[PDB]
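Working notes, structure below.
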Amino acid sequence: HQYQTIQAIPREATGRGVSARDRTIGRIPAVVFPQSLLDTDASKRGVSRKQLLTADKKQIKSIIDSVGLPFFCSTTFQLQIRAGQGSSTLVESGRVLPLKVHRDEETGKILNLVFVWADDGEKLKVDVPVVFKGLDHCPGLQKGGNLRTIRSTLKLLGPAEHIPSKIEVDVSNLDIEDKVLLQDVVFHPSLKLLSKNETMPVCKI
Amino acid sequence: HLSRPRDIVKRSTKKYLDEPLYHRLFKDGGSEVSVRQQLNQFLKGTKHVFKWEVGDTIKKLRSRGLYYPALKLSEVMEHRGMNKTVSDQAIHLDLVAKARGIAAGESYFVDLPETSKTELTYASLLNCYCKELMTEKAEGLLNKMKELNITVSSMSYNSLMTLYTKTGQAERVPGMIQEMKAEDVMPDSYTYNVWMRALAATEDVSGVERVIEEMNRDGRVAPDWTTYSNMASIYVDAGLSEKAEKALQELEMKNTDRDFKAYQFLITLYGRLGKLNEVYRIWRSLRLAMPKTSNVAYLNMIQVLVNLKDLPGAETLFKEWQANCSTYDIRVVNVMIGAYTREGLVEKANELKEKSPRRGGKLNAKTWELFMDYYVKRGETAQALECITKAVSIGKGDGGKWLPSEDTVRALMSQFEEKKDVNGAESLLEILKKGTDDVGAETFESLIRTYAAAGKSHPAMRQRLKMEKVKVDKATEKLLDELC
RNA sequence: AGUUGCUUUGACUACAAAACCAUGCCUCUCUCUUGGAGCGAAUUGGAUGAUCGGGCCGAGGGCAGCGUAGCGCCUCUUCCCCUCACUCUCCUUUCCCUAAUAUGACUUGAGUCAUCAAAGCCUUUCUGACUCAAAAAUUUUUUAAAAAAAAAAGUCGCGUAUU
């Protein structure tokens, strides 16, 4: 299957004690909103569907063990909101792009979730870490060179439908002292960057 | 401090108990057996207690319906040297009437001294009369109090009004409220509650709008969530919806102490209205008010959800109750048992029936009643027989005897008529004979014709005189005396 | 005859709330002991956007010393941390308010009022729970028969793909 579906439960009581009690139960507080609420201008702050959520610990941990921790902000999901736990009735539904987890540095338990609606045709900025494939087969790496990881994330601006969850490059064709620029990175032609690329590669041997 | 010198923390451990008595008596659980065992173990000890400690213990034991251990503790501690006052004698009189009956309470009141026969004892005996529904002796106490000029409190008038409401003479309440207003007695909130209930029982919905405005005019009574519970019940039974929602939202505002019964009232009132989103709105507040939720809230919630047709929500609530239950409550099973027999998914109901007694829930009678409901809907009669036998073998859970419903008995006998199952009819009649000594309204009076298959029994109208002088329809004896 | 028992022991706290409609199967199936959802504040947060300032990495030509690879000097802005606005959805420390903390609000000033067989033992007898004795039930093994056994759930961890 292609994408994941996140089941959510509404919230009406907000606070530190209520949050700690929901975590005592095993429910993690969260929010969903459009991007227009995040603009500095109240003129561009339009009709915002800001809404409070709570999420299931087992489902969140299952998704995290499935997809990986630092890649979470890149991939999108399908949010389904229902009145009660396991209800046969739904309130709303849609697609969402996450940007923020909260986790304690001691145990790593999820504390807060921040969610942005990702409707059809929405243009969203996103920061995507890159994936290097073909390490074991790189001739520069085999002959004595090392692959210096230069840049981690790249800025992408485009539709909600076609944001990649990960950025892949091909480094199996590089000998020693060889580099591949960001313009040679395989990505969608309708996708824009808004990044200062200049004379900088993603990798170098 | 000087206000309370007999402190329970700083007291001696050689003379007194190490923990309070109302904490000690509930160590092993709230069950009757464990409370009795704790009391027996305590009365044999050499540690002592305070008089206020015993008083609060009596109140806590009374607040959960534990009347026999409360009476036993009161009698033994009075016998050991703790002198009853007038208030304690009123409480002990009520406890005697609660445990050994009103005939014992009357003897205790007679054996009370004359200077102890004051307004507290009179009001306690009046309440123990009205709770046992003896109108003639009630009024015989009333005219004696009015003759002796004993101060009649508002509690006595509310007890009489609740007696009137329960007996069926609910028209006397509007006269009585003006009587107690003429005799310079201020009312409480329960006075308005029973006034509202009697007015709604008199088929007068428009009268409950002039009482709420009068108590708003009074300004002396505090409105409480029980008032809005009465308003919500009356309006929901009357079919009005928006006024019921206003009453219930005021009820939610008035519930500042997070009362479990109040939350149960919200759940059942919003379920009987039918609004699923606010049912879950109150439910999440209930889970935010108690993390280890008892089985009673689940019993209300899942029944509300299945009466509002949310079956996978009920199925997930079942798993939550399974993963967090300490006592395997059988009523929780029996809600969705009847659900799965009503919507016909009988294999999962049978699976729950099989798996309940292993996990620790023995079958009561209502599960078998729901399964014989399923079998009488689907037409199988032998399995209905096998269900009703186990149902009457189990009996009721309070010590009663289980009796099948008249409509189900009538339908089962109409099913017996077609297949000419005379053996099944005889077994059902024997079961009803064991159940009840009467056995007849429509059970066999027009139902001799199930014998119209091959021959008939010997006695020729003499068996039908045996079971306490039944009378049959005029069109029933013709095929009887035709075959003699 | 001498010892040990028979030899009294307690309370004093001022308190009628025990009268309830909903669903109802014994509806608290067992609640002893849980801080707040205040539209309440101060440091901190930040789901947000730029300016100013400072500070790495790095990018080239080079002045520079080799047959690839250099040591100081020289043109640069991404990136981080501040700063000014928006800002209450997660987090830390406090303060106010509410709830809770067992009721209510001089005469033991050397007393008044109860108790005065407790603790054991032996016969019955009503009602519950447990061990079961053993049989009928289902799985495996052995040769339709004979031996031993679980059934129902939660939790952790591993490797692997079906909307």
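All residue names refer to the structure tokens as shown: chains lettered A, B, ... in order, residues numbered from 1 in each chain, ligands numbered from 1 in order.
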
- Message: Quick one: residues within 8 Å of residue 3 (chain A), only C-alpha atoms (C1' of nucleotides), excluding same-chain residues fewer than 4 positions away - as an MDAnalysis selection string?
- Response: chainID A and resid 76:78

Selection to disk with N, CA, C and O atoms, as an mmCIF file, in the first residue's frame:
data_model
loop_
_atom_site.group_PDB
_atom_site.id
_atom_site.type_symbol
_atom_site.label_atom_id
_atom_site.label_comp_id
_atom_site.auth_asym_id
_atom_site.auth_seq_id
_atom_site.Cartn_x
_atom_site.Cartn_y
_atom_site.Cartn_z
ATOM 1 N N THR A 76 3.685 12.522 3.879
ATOM 2 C CA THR A 76 2.324 12.965 4.141
ATOM 3 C C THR A 76 1.461 11.772 4.526
ATOM 4 O O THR A 76 1.798 10.623 4.231
ATOM 5 N N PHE A 77 0.338 12.050 5.184
ATOM 6 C CA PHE A 77 -0.598 11.008 5.573
ATOM 7 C C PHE A 77 -2.019 11.438 5.240
ATOM 8 O O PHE A 77 -2.267 12.560 4.793
ATOM 9 N N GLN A 78 -2.958 10.521 5.449
ATOM 10 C CA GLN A 78 -4.378 10.812 5.316
ATOM 11 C C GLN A 78 -4.998 10.846 6.706
ATOM 12 O O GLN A 78 -5.096 9.811 7.368
#

- Message: Residues of chain C were defined as contacting chain A if any atom lay at most 8 Å from it, counting only C-alpha atoms (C1' of nucleotides); please report them as a VMD selection string.
- Response: chain C and resid 37 47 to 49 59 78 86 89 to 90 163

- Find the residues of chain C in contact range of chain B, meaning any atom within 12 Å when counting only C-alpha atoms (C1' of nucleotides), and list them as an MDAnalysis selection string. chainID C and resid 9:37 98:100 102:105 112:116 118:119 127:129 151:155

- Give the strand (DSSP E or B) residues of chain A, as assigned by DSSP on the backbone, as a PyMOL selection string. chain A and resi 5-10+27-33+51-56+77-82+90-103+110-117+124-133+148-149+153-158+167-170+179-181+192+201-204

- For chain A, work out the contacting residues on chain B at 12 Å, counting only C-alpha atoms, and write them as number ranges by chain. B: 275-293, 301, 305-306, 308-320, 324

Next, write the just-selected residues to a file, as a tab-separated table (two decimals), in the first residue's frame, keeping C-alpha atoms as the atom set.
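See selection18.tsv below for the written result:
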chain	number	residue	atom	x	y	z
B	275	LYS	CA	-26.91	13.07	19.85
B	276	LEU	CA	-23.75	10.99	19.34
B	277	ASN	CA	-21.18	13.82	19.23
B	278	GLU	CA	-22.18	15.26	22.58
B	279	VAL	CA	-22.50	11.74	24.02
B	280	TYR	CA	-18.81	11.33	23.20
B	281	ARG	CA	-18.22	14.91	24.46
B	282	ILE	CA	-19.43	13.96	27.93
B	283	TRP	CA	-17.71	10.56	27.70
B	284	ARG	CA	-14.26	12.08	27.19
B	285	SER	CA	-14.88	14.29	30.22
B	286	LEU	CA	-15.77	11.14	32.19
B	287	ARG	CA	-12.51	9.51	31.17
B	288	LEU	CA	-10.79	12.77	32.18
B	289	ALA	CA	-12.53	12.62	35.58
B	290	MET	CA	-11.65	9.00	36.38
B	291	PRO	CA	-8.83	7.06	34.68
B	292	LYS	CA	-9.74	3.69	36.23
B	293	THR	CA	-13.38	3.77	35.19
B	301	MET	CA	-22.10	3.74	27.57
B	305	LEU	CA	-24.01	3.21	21.77
B	306	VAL	CA	-25.88	0.10	20.68
B	308	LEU	CA	-27.70	4.62	18.82
B	309	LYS	CA	-26.25	1.95	16.46
B	310	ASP	CA	-22.47	2.36	16.84
B	311	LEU	CA	-21.41	-1.28	16.79
B	312	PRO	CA	-17.64	-1.08	16.00
B	313	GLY	CA	-17.37	1.68	18.61
B	314	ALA	CA	-19.01	-0.73	21.04
B	315	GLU	CA	-16.60	-3.45	19.87
B	316	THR	CA	-13.57	-1.24	20.59
B	317	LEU	CA	-15.05	-0.27	23.97
B	318	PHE	CA	-15.33	-4.01	24.67
B	319	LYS	CA	-11.59	-4.46	24.10
B	320	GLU	CA	-10.86	-1.43	26.30
B	324	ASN	CA	-8.67	-2.59	31.89

- Item | DSSP-assigned alpha helix (DSSP H) among region 41-283 of chain B, expressed as a ChimeraX atom specification | /B:41-43,51-63,67-79,86-99,102-111,119-130,135-148,154-167,173-182,189-201,209-218,225-238,242-254,260-273,276-283

- Query: In Å, with one decimal, what is the gap from CA of residue 190 (chain A) to CA of residue 120 (chain A)?
  - Reply: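 So the answer is 14.9 Å.
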
Please list as a PDB file with N, CA, C and O atoms (P, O5', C5', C4', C3', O3' and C1' of nucleotides), in the first residue's frame every residue within 12 Å of residue 34 (chain A), counting only C-alpha atoms (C1' of nucleotides) and excluding residues in the same chain fewer than 4 positions away.
ATOM      1  N   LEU A  38      -0.432  30.485   9.999  1.00  0.00           N
ATOM      2  CA  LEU A  38       0.958  30.673  10.400  1.00  0.00           C
ATOM      3  C   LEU A  38       1.600  31.920   9.812  1.00  0.00           C
ATOM      4  O   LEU A  38       2.732  32.240  10.188  1.00  0.00           O
ATOM      5  N   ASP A  39       0.935  32.617   8.896  1.00  0.00           N
ATOM      6  CA  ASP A  39       1.520  33.823   8.336  1.00  0.00           C
ATOM      7  C   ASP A  39       1.521  34.944   9.368  1.00  0.00           C
ATOM      8  O   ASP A  39       0.675  34.999  10.267  1.00  0.00           O
ATOM      9  N   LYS A  44      -3.529  37.924   5.529  1.00  0.00           N
ATOM     10  CA  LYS A  44      -3.390  36.614   4.905  1.00  0.00           C
ATOM     11  C   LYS A  44      -3.821  35.478   5.821  1.00  0.00           C
ATOM     12  O   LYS A  44      -3.954  34.344   5.351  1.00  0.00           O
ATOM     13  N   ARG A  45      -4.032  35.753   7.107  1.00  0.00           N
ATOM     14  CA  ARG A  45      -4.666  34.795   8.012  1.00  0.00           C
ATOM     15  C   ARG A  45      -6.153  34.760   7.687  1.00  0.00           C
ATOM     16  O   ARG A  45      -6.937  35.579   8.166  1.00  0.00           O
ATOM     17  N   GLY A  46      -6.546  33.801   6.861  1.00  0.00           N
ATOM     18  CA  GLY A  46      -7.912  33.688   6.387  1.00  0.00           C
ATOM     19  C   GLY A  46      -8.749  32.728   7.202  1.00  0.00           C
ATOM     20  O   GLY A  46      -8.591  32.603   8.421  1.00  0.00           O
ATOM     21  N   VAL A  47      -9.656  32.034   6.516  1.00  0.00           N
ATOM     22  CA  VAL A  47     -10.535  31.059   7.149  1.00  0.00           C
ATOM     23  C   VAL A  47      -9.710  29.831   7.500  1.00  0.00           C
ATOM     24  O   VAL A  47      -9.408  29.001   6.636  1.00  0.00           O
ATOM     25  N   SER A  48      -9.339  29.709   8.769  1.00  0.00           N
ATOM     26  CA  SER A  48      -8.445  28.653   9.216  1.00  0.00           C
ATOM     27  C   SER A  48      -9.235  27.580   9.953  1.00  0.00           C
ATOM     28  O   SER A  48      -9.992  27.884  10.881  1.00  0.00           O
ATOM     29  N   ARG A  49      -9.060  26.329   9.531  1.00  0.00           N
ATOM     30  CA  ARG A  49      -9.676  25.180  10.198  1.00  0.00           C
ATOM     31  C   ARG A  49      -8.730  24.616  11.262  1.00  0.00           C
ATOM     32  O   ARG A  49      -8.315  23.456  11.232  1.00  0.00           O
ATOM     33  N   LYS A  50      -8.383  25.485  12.207  1.00  0.00           N
ATOM     34  CA  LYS A  50      -7.614  25.091  13.378  1.00  0.00           C
ATOM     35  C   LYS A  50      -8.465  24.168  14.238  1.00  0.00           C
ATOM     36  O   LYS A  50      -9.629  24.468  14.521  1.00  0.00           O
ATOM     37  N   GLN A  51      -7.886  23.047  14.659  1.00  0.00           N
ATOM     38  CA  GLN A  51      -8.649  22.050  15.391  1.00  0.00           C
ATOM     39  C   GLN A  51      -7.710  21.230  16.264  1.00  0.00           C
ATOM     40  O   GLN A  51      -6.559  20.982  15.891  1.00  0.00           O
ATOM     41  N   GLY A  94      -9.221  14.120   5.210  1.00  0.00           N
ATOM     42  CA  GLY A  94      -8.375  14.810   4.259  1.00  0.00           C
ATOM     43  C   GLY A  94      -6.963  14.278   4.320  1.00  0.00           C
ATOM     44  O   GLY A  94      -6.689  13.255   4.935  1.00  0.00           O
ATOM     45  N   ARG A  95      -6.067  14.999   3.654  1.00  0.00           N
ATOM     46  CA  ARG A  95      -4.649  14.682   3.671  1.00  0.00           C
ATOM     47  C   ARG A  95      -3.904  15.767   4.432  1.00  0.00           C
ATOM     48  O   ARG A  95      -4.295  16.936   4.419  1.00  0.00           O
ATOM     49  N   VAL A  96      -2.854  15.359   5.139  1.00  0.00           N
ATOM     50  CA  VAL A  96      -2.104  16.237   6.028  1.00  0.00           C
ATOM     51  C   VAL A  96      -0.609  16.019   5.850  1.00  0.00           C
ATOM     52  O   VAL A  96      -0.149  14.918   5.529  1.00  0.00           O
ATOM     53  N   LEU A  97       0.151  17.094   6.050  1.00  0.00           N
ATOM     54  CA  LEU A  97       1.606  17.035   6.070  1.00  0.00           C
ATOM     55  C   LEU A  97       2.095  17.429   7.456  1.00  0.00           C
ATOM     56  O   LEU A  97       1.890  18.579   7.878  1.00  0.00           O
ATOM     57  N   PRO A  98       2.715  16.526   8.200  1.00  0.00           N
ATOM     58  CA  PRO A  98       3.250  16.887   9.515  1.00  0.00           C
ATOM     59  C   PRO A  98       4.544  17.682   9.413  1.00  0.00           C
ATOM     60  O   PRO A  98       5.284  17.610   8.431  1.00  0.00           O
ATOM     61  N   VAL A 114       2.090  18.281  15.662  1.00  0.00           N
ATOM     62  CA  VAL A 114       1.662  19.463  14.919  1.00  0.00           C
ATOM     63  C   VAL A 114       1.379  19.033  13.485  1.00  0.00           C
ATOM     64  O   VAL A 114       2.232  18.416  12.837  1.00  0.00           O
ATOM     65  N   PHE A 115       0.182  19.349  12.987  1.00  0.00           N
ATOM     66  CA  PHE A 115      -0.260  18.877  11.686  1.00  0.00           C
ATOM     67  C   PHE A 115      -0.787  20.030  10.843  1.00  0.00           C
ATOM     68  O   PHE A 115      -1.525  20.901  11.320  1.00  0.00           O
ATOM     69  N   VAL A 116      -0.412  20.003   9.569  1.00  0.00           N
ATOM     70  CA  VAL A 116      -0.846  20.979   8.585  1.00  0.00           C
ATOM     71  C   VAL A 116      -1.669  20.253   7.534  1.00  0.00           C
ATOM     72  O   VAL A 116      -1.239  19.216   7.017  1.00  0.00           O
ATOM     73  N   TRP A 117      -2.868  20.774   7.260  1.00  0.00           N
ATOM     74  CA  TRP A 117      -3.722  20.242   6.207  1.00  0.00           C
ATOM     75  C   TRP A 117      -2.991  20.278   4.874  1.00  0.00           C
ATOM     76  O   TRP A 117      -2.274  21.235   4.577  1.00  0.00           O
ATOM     77  N   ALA A 118      -3.148  19.220   4.081  1.00  0.00           N
ATOM     78  CA  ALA A 118      -2.558  19.141   2.746  1.00  0.00           C
ATOM     79  C   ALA A 118      -3.669  18.797   1.766  1.00  0.00           C
ATOM     80  O   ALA A 118      -3.828  17.644   1.367  1.00  0.00           O
ATOM     81  N   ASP A 119      -4.414  19.813   1.341  1.00  0.00           N
ATOM     82  CA  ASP A 119      -5.516  19.597   0.419  1.00  0.00           C
ATOM     83  C   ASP A 119      -4.989  19.517  -1.012  1.00  0.00           C
ATOM     84  O   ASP A 119      -3.780  19.542  -1.261  1.00  0.00           O
ATOM     85  N   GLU A 122      -2.414  22.428  -2.905  1.00  0.00           N
ATOM     86  CA  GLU A 122      -1.787  23.337  -1.958  1.00  0.00           C
ATOM     87  C   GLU A 122      -0.276  23.355  -2.139  1.00  0.00           C
ATOM     88  O   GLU A 122       0.371  22.306  -2.205  1.00  0.00           O
ATOM     89  N   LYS A 123       0.285  24.558  -2.197  1.00  0.00           N
ATOM     90  CA  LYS A 123       1.720  24.749  -2.346  1.00  0.00           C
ATOM     91  C   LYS A 123       2.341  24.931  -0.966  1.00  0.00           C
ATOM     92  O   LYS A 123       2.040  25.906  -0.269  1.00  0.00           O
ATOM     93  N   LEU A 124       3.205  23.993  -0.579  1.00  0.00           N
ATOM     94  CA  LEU A 124       3.793  23.983   0.753  1.00  0.00           C
ATOM     95  C   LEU A 124       5.309  23.885   0.674  1.00  0.00           C
ATOM     96  O   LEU A 124       5.849  23.112  -0.121  1.00  0.00           O
TER      97      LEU A 124
ATOM     98  P     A C  47       6.710  24.642  18.815  1.00  0.00           P
ATOM     99  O5'   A C  47       5.842  24.295  17.534  1.00  0.00           O
ATOM    100  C5'   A C  47       6.237  24.801  16.274  1.00  0.00           C
ATOM    101  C4'   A C  47       5.122  24.754  15.271  1.00  0.00           C
ATOM    102  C3'   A C  47       5.118  25.878  14.257  1.00  0.00           C
ATOM    103  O3'   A C  47       6.085  25.725  13.232  1.00  0.00           O
ATOM    104  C1'   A C  47       2.926  25.538  15.069  1.00  0.00           C
TER     105        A C  47
END

- Query: Any idea what the distance is between CA of residue 132 (chain B) and CA of residue 100 (chain B)?
  - Reply: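 Answer for the CA of residue 132 (chain B) to CA of residue 100 (chain B) separation: 12.7 Å.
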
- Message: Env of region 180-185 of chain A: 9 Å cut, atoms = only C-alpha atoms (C1' of nucleotides), seq-sep filter 4 positions within chain, self excluded. Answer as a count of residues only.
- Response: 14

- Item | Atom pair CA of residue 144 (chain A) / CA of residue 173 (chain A): separation (Å) |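 Here the two named atoms are 14.9 Å from each other.
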
For residue 432 (chain B), work out the shell of residues within 10 Å, counting only C-alpha atoms (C1' of nucleotides) and skipping chain neighbours fewer than 4 positions away, then give it as an mmCIF file with N, CA and C atoms, in the first residue's frame.
data_model
loop_
_atom_site.group_PDB
_atom_site.id
_atom_site.type_symbol
_atom_site.label_atom_id
_atom_site.label_comp_id
_atom_site.auth_asym_id
_atom_site.auth_seq_id
_atom_site.Cartn_x
_atom_site.Cartn_y
_atom_site.Cartn_z
ATOM 1 N N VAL B 392 -34.410 -20.640 34.578
ATOM 2 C CA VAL B 392 -35.104 -20.816 35.848
ATOM 3 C C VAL B 392 -34.231 -21.564 36.851
ATOM 4 N N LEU B 403 -39.252 -15.583 35.998
ATOM 5 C CA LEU B 403 -40.511 -15.908 35.346
ATOM 6 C C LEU B 403 -40.491 -15.348 33.928
ATOM 7 N N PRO B 404 -40.775 -16.159 32.910
ATOM 8 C CA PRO B 404 -40.787 -15.645 31.534
ATOM 9 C C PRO B 404 -41.920 -14.664 31.281
ATOM 10 N N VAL B 409 -44.211 -15.987 26.252
ATOM 11 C CA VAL B 409 -44.925 -17.236 26.510
ATOM 12 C C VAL B 409 -46.065 -17.418 25.511
ATOM 13 N N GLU B 426 -46.530 -29.462 27.109
ATOM 14 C CA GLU B 426 -46.540 -30.034 28.451
ATOM 15 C C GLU B 426 -45.289 -29.657 29.234
ATOM 16 N N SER B 427 -44.126 -29.642 28.578
ATOM 17 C CA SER B 427 -42.900 -29.245 29.264
ATOM 18 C C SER B 427 -42.926 -27.767 29.644
ATOM 19 N N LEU B 428 -43.448 -26.910 28.758
ATOM 20 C CA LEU B 428 -43.589 -25.492 29.086
ATOM 21 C C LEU B 428 -44.558 -25.281 30.243
ATOM 22 N N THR B 436 -44.460 -20.654 39.047
ATOM 23 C CA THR B 436 -45.516 -19.901 39.710
ATOM 24 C C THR B 436 -46.643 -20.859 40.074
ATOM 25 N N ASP B 437 -47.347 -20.536 41.160
ATOM 26 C CA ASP B 437 -48.489 -21.321 41.604
ATOM 27 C C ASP B 437 -49.772 -21.013 40.843
ATOM 28 N N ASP B 438 -49.859 -19.860 40.180
ATOM 29 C CA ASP B 438 -51.102 -19.480 39.505
ATOM 30 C C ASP B 438 -51.223 -20.152 38.137
ATOM 31 N N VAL B 439 -50.317 -19.806 37.215
ATOM 32 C CA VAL B 439 -50.249 -20.272 35.826
ATOM 33 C C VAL B 439 -51.600 -20.083 35.137
ATOM 34 N N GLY B 440 -51.954 -18.836 34.867
ATOM 35 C CA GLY B 440 -52.881 -18.602 33.785
ATOM 36 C C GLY B 440 -53.370 -17.180 33.659
ATOM 37 N N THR B 443 -52.466 -18.497 29.129
ATOM 38 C CA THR B 443 -51.453 -19.526 28.917
ATOM 39 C C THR B 443 -52.052 -20.800 28.344
#

- Write out as a PyMOL selection string the residues lying within 9 Å of region 125-135 of chain A, counting only C-alpha atoms (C1' of nucleotides) and excluding same-chain residues fewer than 3 positions away. chain A and resi 70-71+73-74+99+138+141+147+151-158+163-173+193-194+202-203
